[PDB]
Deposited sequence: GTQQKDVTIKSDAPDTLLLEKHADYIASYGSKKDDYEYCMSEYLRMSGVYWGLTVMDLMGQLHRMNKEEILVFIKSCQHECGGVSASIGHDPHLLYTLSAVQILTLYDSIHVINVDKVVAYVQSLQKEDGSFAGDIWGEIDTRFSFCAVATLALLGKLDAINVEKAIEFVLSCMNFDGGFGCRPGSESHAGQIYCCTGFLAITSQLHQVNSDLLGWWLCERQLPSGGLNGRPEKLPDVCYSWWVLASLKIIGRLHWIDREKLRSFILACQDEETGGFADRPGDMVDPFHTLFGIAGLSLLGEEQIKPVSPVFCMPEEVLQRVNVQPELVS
């Protein structure tokens, strides 16, 4: 029963032009967040492109930044002088796919970098320092799917590791033994989509756990008795769409929550209404709305969190449950 109460004066209208300007003009927090920069760039581009506004960003500049961030190993860093990581590898590859500029980086070395991060049990480390997370299972296969190179990894052992993070409640955690969390469920469902293993999800059970994320305010949390947050609009919805149970949440209440999270003055979305916005929450607010069928937003792949049309172009569209 810990939930937000939505107030009278919370926005009830989609403010796309503000979100475009907020993103267009972002970094003019930015300094402490250079460590995620490649992914912030992905987040900004993806939300802008979903909103039709991708031209307002700097393609040529970005194509040069990415290239400068590919290390000799083939992994991509968050930023210049930073170390390569699977996260920013996925982000970069997504950006280049957004831009149809795959050739910009060495594809073969990306593939080899991602291939190098798989472990005996099928899991992936995010980098050479070995942190295991189901996030990285998703990042690995998502990256390779986009490069047509999924057969570079050990799929079977990959699947098995993921399925081993499946829990009593039907959900998934970080690692074997970890508590279900909408975030990791997105990664695992996304992963099983990519690998054609959705028949292994118990969809009614996980779909029920997922829809119970929705609180009286209409907002979604990540796991039982926690506070809601707009970014879960993405984690939960993307998961539900994937397993064909998107209609199990109350779409209008959720939509009212998501709009309530906008900052009417500065643009962007925040985790919850009246808080400081950021780009991440702004992407996931918009991507969540698109998952629910908002008309001014391009349809988004629930797997790749990129406009459907981009993926249509590259002909990578995992079959979903229903």
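Task: Ranges of the deposited sequence (numbered from 1) for which no C-alpha atom is modelled - done: Residues missing from the model, as numbered along the full deposited sequence, span 1-3, 32-36.
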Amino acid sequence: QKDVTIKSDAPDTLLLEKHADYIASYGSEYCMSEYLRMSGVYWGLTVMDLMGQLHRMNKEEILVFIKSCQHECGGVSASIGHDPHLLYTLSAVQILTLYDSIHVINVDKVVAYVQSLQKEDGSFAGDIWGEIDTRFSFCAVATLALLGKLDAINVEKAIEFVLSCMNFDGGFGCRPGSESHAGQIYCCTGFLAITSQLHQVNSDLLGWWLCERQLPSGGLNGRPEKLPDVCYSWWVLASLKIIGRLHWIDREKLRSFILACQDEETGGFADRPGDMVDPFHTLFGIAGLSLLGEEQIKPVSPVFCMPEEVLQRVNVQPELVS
From here on, numbers count along this sequence of modelled residues.
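Rigid core: the largest C-alpha set superposing within 1.5 Å between the two forms.
Task: 225-233 against 247-255 - segment lying farther from this form in 9 other deposited structures of this protein (CA RMS, rigid core fit) - done: Farther from the shown form on average in 9 other deposited structures of this protein: 225-233.
TODO: Would you mind working out which of 312-320 and 4-12 sits farther from this form in 9 other deposited structures of this protein by RMS C-alpha distance, with the rigid core as the fit?
DONE: More C-alpha displacement in 9 other deposited structures of this protein shows up in 4-12.
- [ ] Mind pulling up the entry and telling me whether 101-109 or 224-232 has the higher mean Cα temperature factor?
- [x] Mean CA B-factor is higher for 101-109.
TODO: Pick between 182-190 and 143-151: the one whose mean CA B-factor in the entry is higher.
DONE: The deposited B-factors put 143-151 ahead on the C-alpha mean.
Open item on the list: According to the Cα B-factor stored in this entry, which of the following is highest: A270, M38, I286, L54?
Closed with: Answer, based on the entry's C-alpha B-factors: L54.
- [ ] Sort the modelled residues of this chain by their C-alpha B factor and say whether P302 lands in the lowest, middle or highest third.
- [x] Its C-alpha B-factor, which the entry lists for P302, ranks in the lowest third among residues of this chain.
- [ ] Tell me, lowest, middle or highest third: where does the Cα B factor of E72 rank within its chain?
- [x] According to the entry, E72 has a C-alpha B-factor in the chain's highest third.
Open item on the list: When the deposited Cα B-factors of this chain's modelled residues are ordered and cut into thirds, is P84 in the lowest, the middle or the highest one?
Closed with: Middle third by C-alpha B-factor.
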